[PDB]
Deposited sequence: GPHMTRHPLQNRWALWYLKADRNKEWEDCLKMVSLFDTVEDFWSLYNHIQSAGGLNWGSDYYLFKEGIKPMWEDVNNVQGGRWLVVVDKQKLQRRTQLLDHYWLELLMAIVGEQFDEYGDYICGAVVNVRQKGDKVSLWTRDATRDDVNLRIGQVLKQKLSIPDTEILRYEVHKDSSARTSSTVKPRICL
């Protein structure tokens, strides 16, 4: 039984270390490109809710580093979902299933990857996209995101441009 995915994905993990620069905390853990390997990986690593504070997971397409500075991200941005543990785990897994299952219709090429940040101030789940200048694309992606994660209409999601994060939302939903 082998079910190939459209894309090959890499899980990255960031463990907080106050004596390292940000990029030096980031490690590429494993790549996968089948449904079977997706579940093998997910089922045998700590859930997002079980990560220590300051830790991150990133799931990005093969060849895209989960950095603003990556050529694939530099002109891009993210949809941001703020939380405030089962809800966080749910947001993360629903998002992973939506991206590896290619559930963003004709806009899959604009998906770079997903991010979960575990933080005392409030956990964050984000979807990084390729081109912050395409409001039409990003809006549709945002609508699928809210639908797949069962986010209430009253929770207003922000689309943030990476160039701004590196230095106010471009879109709100």
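Missing from the model, relative to the deposited sequence, are the ranges 1-4, 89-95, 179-184.
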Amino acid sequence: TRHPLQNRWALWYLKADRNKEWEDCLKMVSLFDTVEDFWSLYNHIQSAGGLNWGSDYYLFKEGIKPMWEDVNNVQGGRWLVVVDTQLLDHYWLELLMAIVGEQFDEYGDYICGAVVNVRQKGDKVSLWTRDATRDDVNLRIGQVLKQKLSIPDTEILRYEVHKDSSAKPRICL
From here on, numbers count along this sequence of modelled residues.
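Taking only CA atoms, the mean B-factor in the PDB entry is higher for 103-111 than for the other of 59-67 and 103-111.
With 88-96 and 73-81 compared on mean CA B-factor from the PDB entry, the stretch scoring higher is 73-81. Per the PDB entry, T133 shows the highest C-alpha temperature factor of the residues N117, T133, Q46, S30. The top Cα temperature factor in the record, among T34, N52, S40, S126, falls on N52. Looking at the C-alpha B-factors along this chain, the one for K168 belongs to the highest third. Sort the chain's modelled residues by C-alpha temperature factor and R8 lands in the lowest third, per the entry.
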